[PDB]
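In order, the protein sequence lines correspond to chains A and B. What the first sequence shows, in PDB author numbering, is residues 2 to 56, in sequence order. What the second sequence shows, in PDB author numbering, is residues 2 to 56, in sequence order. All C-beta atoms in this analysis are idealised placements derived from N, C-alpha and C, irrespective of residue type, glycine included.
Number of protein chains: 2
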Amino acid sequence: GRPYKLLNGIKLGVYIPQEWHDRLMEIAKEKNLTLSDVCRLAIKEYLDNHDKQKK
Amino acid sequence: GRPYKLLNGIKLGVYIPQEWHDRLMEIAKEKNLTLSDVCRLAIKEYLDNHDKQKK
Numbered sequence: 002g003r004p005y006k007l008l009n010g011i012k013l014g015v016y017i018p019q020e021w022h023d024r025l026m027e028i029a030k031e032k033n034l035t036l037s038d039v040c041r042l043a044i045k046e047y048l049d050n051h052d053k054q055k056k
Numbered sequence: 002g003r004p005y006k007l008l009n010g011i012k013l014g015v016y017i018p019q020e021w022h023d024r025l026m027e028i029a030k031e032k033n034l035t036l037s038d039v040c041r042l043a044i045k046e047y048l049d050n051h052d053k054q055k056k
């Protein structure tokens with residue numbers, strides 16, 4: 002079931018500075034999220050911010 | 002040299018829908034980047050639009 006399309010989860014390997022992982026995860030504890038979630042949330046607002054059409 | 006800390010590179014795996022893989026990676030062709038880069042870069046964007054300490 003759901004072999005393709007409706008999986009909506011593909012893997013990307015990111016590498017960021019120590020101080021980046023550090024502060025992001027700190028805020029992530031406040032939000033009960035992981036930095037991975039925040040990164041995902043980042044491009045989400047990145048799209049909405051850099052494009053107002055949102056197709 | 003640079004045993005720890007000063008390697009400044011931690012490994013984080015993010016998981017996002019193929020919807021974003023379609024749009025973002027196509028832009029990633031034009032920009033010659035990976036979505037991993039874009040997600041990270043969007044965090045710096047996410048920070049700057051919310052917080053103006055720019056830390």
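If distances are taken between C-alpha atoms only, which option among the options comes closest to residue i?
i                        : options                   : result
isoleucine 11 of chain A : B/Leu34, B/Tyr16, B/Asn50 : B/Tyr16
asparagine 9 of chain A  : B/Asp23, B/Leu34, B/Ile44 : B/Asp23
Using only the alpha-carbon positions, how far apart do residue i and residue j sit?
i                       : j                        : result
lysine 6 of chain B     : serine 37 of chain A     : 20 Å
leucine 42 of chain A   : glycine 2 of chain A     : 27 Å
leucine 25 of chain A   : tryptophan 21 of chain B : 22 Å
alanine 29 of chain A   : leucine 34 of chain B    : 26 Å
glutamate 31 of chain A : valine 39 of chain A     : 12 Å
Rounded C-beta distance between residue i and residue j? I'm assuming under 8 Å.
i                      : j                       : result
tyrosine 47 of chain B : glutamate 27 of chain A : At roughly 15 Å, the Cβ-Cβ gap does not stay under 8 Å, so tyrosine 47 of chain B and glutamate 27 of chain A are not in contact.
Starting from residue i, follow the beta strand (DSSP E) in both directions and report where the run begins and ends.
i                     : result
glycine 14 of chain A : 11-17
Original post:
Can you list, in chain order, the stretches of the alpha helix (DSSP H) that have 4 or more residues and sit fully within the segment 27-54 of chain B?
Top reply: Counting whole runs of 4 or more residues, the segment 27-54 of chain B contains the alpha helix (DSSP H) stretches 36-51.
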